[PDB]
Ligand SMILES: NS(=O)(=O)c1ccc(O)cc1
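Okay, here we've got a single chain as structure tokens, the form solved without the ligand, with questions on binding and movement later.
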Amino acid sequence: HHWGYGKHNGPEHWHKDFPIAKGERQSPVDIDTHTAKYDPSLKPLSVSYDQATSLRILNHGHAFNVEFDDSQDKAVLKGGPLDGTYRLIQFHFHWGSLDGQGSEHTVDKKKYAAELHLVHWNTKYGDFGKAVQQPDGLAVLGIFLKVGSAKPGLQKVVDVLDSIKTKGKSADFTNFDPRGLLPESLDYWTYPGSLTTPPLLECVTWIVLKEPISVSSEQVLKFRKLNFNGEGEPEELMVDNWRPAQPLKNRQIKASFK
């Protein structure tokens, strides 16, 4: 027995094993566009992914991660509300069983078909493990996905999903350029939050892009064919692996645009 997204081990149950689930800076949250404050002091985001080195893709049971080599400053995020350099370590998604749900963050209560998370850690802390124990340890770039036209740069990812259908499976995944997953504009909203899966540590500085990217129905359909279960176990489709919006509490959401 362990956490998951089912009726008996879902988000509503996590607080029992991870008390911080009821914390003061939990994520995701609903972004109220009319209450978010424009902050002129916010610097533009600086994304340097030209030297990114992807290594592998694996199904860990709650989603699939594309891992990158983070032994050097190859793919980094700087600027915006960030102080220092943050290295990209992995990216993953959160999707639904239907196109009307799947994203973790919501905009004026609107849900998107999926949400992409690019996770980076503050180099000042030496490694990811130490970074998660700090309030400014991680920076996660959130991108919404809506169903429409196909996204060319995403196809490489969808075509290998068949090789990592079940929990525990991994496959070599080299030379993937994450730049093909970014929208045209880099305008964003930002707020202090947490990881959206256990251990739910409150070490994240969220950067949610205003502009979603479009993916085709066929592309998202392939995501839905993945399994939560391991090989040789009853098939349980990997869908709705998203956590519901949490109370904003004592926090303010800032916007880089007005």
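In this text, residue numbers run from 1 along the sequence as written.
The form deposited with the ligand bound exists for this protein as well; it is not shown, and the discussion that follows is about that form.
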Quiz item: Looking at the ligand in the entry with it bound, is some heavy atom of each of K43, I213 and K249 within 4.5 Å of it?
Solution: no
Quiz item: Of the residues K151, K78, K165, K156, which one places a heavy atom within 4.5 Å of the ligand in the entry with it bound?
Solution: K156
Quiz item: Do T190 and the ligand come within 4.5 Å of each other in the entry with it bound, heavy atoms counted?
Solution: no
Quiz item: Could you tell me if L195 has a non-hydrogen atom within 4.5 Å of the ligand in the entry with it bound?
Solution: yes
Quiz item: According to a 4.5 angstroms non-hydrogen atom cut-off, is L181 in contact with the ligand in the entry with it bound?
Solution: no
Quiz item: Hey, in the entry with it bound, is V140 touching the ligand, heavy atoms inside 4.5 Å?
Solution: yes
Quiz item: For the stretch 100-122, which residues lie within 4.5 Å of the ligand in the entry with it bound by non-hydrogen atom distance?
Solution: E104, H117, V119
